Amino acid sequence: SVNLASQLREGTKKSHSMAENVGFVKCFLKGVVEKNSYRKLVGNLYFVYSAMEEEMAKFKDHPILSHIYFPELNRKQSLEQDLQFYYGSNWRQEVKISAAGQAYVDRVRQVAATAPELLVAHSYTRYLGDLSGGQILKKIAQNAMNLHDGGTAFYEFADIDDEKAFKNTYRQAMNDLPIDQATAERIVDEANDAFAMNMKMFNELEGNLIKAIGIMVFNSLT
């Protein structure tokens, strides 16, 4: 009805660019990532996806959300697998959520009570990004931390054979959404909001990464 697929893509161009330039991210890209700080990121996303996937299931048959309801995208379980790897068997007891992460979860829950359609901005921001960057991020992680196997279940969509073909069904799904350009714009704005929320989680880890860096180099000089 409106073609938000291209509106979201062009509309979040700037934000995605700022995302790549966050200190934490810059270091990640250049291969310097470390188990302890990255472990906290996984804990946060774990709660955000839980929130999002639970609410999305309530709207499996909603006039709008039902169109972008692909339980094949669900990351909660794979993320639990990663916590197990980074934290071990007692992970339920060691995993925690940060303030930014809580704010993130809070927004998802809020939007789900008064503007369920804004949930497409959240599904878009996470899932379509996970789908598109998943392979690059996985290798960089695997190389920078040595994860021959385990620790990257999050970047692997098991229940999706042809992912490029899924990425189309998904964009298509968005382009066939029963919404008016007015709201389609509230969705785009919400997407830029979500990006900022991801970026805030990354910034929370800057300090943890600095120490770790100082520690490895100090150990090197010694």
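Throughout, we count residues from 1 along the sequence that is shown.
- Here the stretch with the larger average CA B-factor, out of 164-172 and 31-39, is 164-172.
- Of the two stretches examined, 107-115 and 143-151, the record assigns the greater average C-alpha temperature factor to 143-151.
- Note on the listed residues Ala51, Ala182, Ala194, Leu45: the highest Cα temperature factor in the record is that of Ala182.
- Placement of the Cα temperature factor of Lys14 within the chain: middle third of the modelled residues, per the deposited record.
- In this PDB entry, the Cα temperature factor of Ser132 sits in the middle third of its chain's modelled residues.
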